[PDB]
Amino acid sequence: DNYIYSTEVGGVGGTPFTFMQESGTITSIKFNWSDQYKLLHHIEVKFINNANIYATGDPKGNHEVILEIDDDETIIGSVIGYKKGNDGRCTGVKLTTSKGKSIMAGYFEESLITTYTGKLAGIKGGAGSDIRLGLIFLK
């Protein structure tokens, strides 16, 4: 492959999705989450030179964050909070970039992964009412 797949974390209780394109790398990503359930519910992604917004999950959270990524801007730090198991969920995401930008979405009360780093090219996982999530990098 021309890609590196981060471990997808939390569970199998959703519906599979893969957002990647030759169109290029991620230019913006949004996380929607709730104080009520302390979960990620909904993610949206836009790629370089492509105005289609690829969404998954139910946008029912009372909070969202957007990170915008310059074309030459990499992820140098990355943490996903989650509930472990087969009935697992993604609870939170923390990203830090080569340009000193960072975002913090949701909660981090149980399990954590510190992922591979590099140029963010896509996301894979499963979502229904809630977000499983794995990041995808270049080389």
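The numbering used is simple: start at 1 and walk along the sequence shown. Throughout, rigid core stands for the largest set of C-alpha atoms superposing within 1.5 Å between the two forms.
Structural divergence in 7 other deposited structures of this protein between 118-126 and 9-17: following superposition by the core, 9-17 has C-alpha atoms lying farther from the shown form. Missing deposited residues between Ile131 and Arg132: 1 to 3, all without coordinates in the entry. Look at the C-alpha B-factors of 15-23 and of 119-127. On average they run higher in 15-23.
Higher mean CA temperature factor, per the PDB entry, when comparing 24-32 with 83-91: 83-91. In the deposited coordinates, the residue among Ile43, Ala51, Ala105, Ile66 with the greatest CA B-factor is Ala51.
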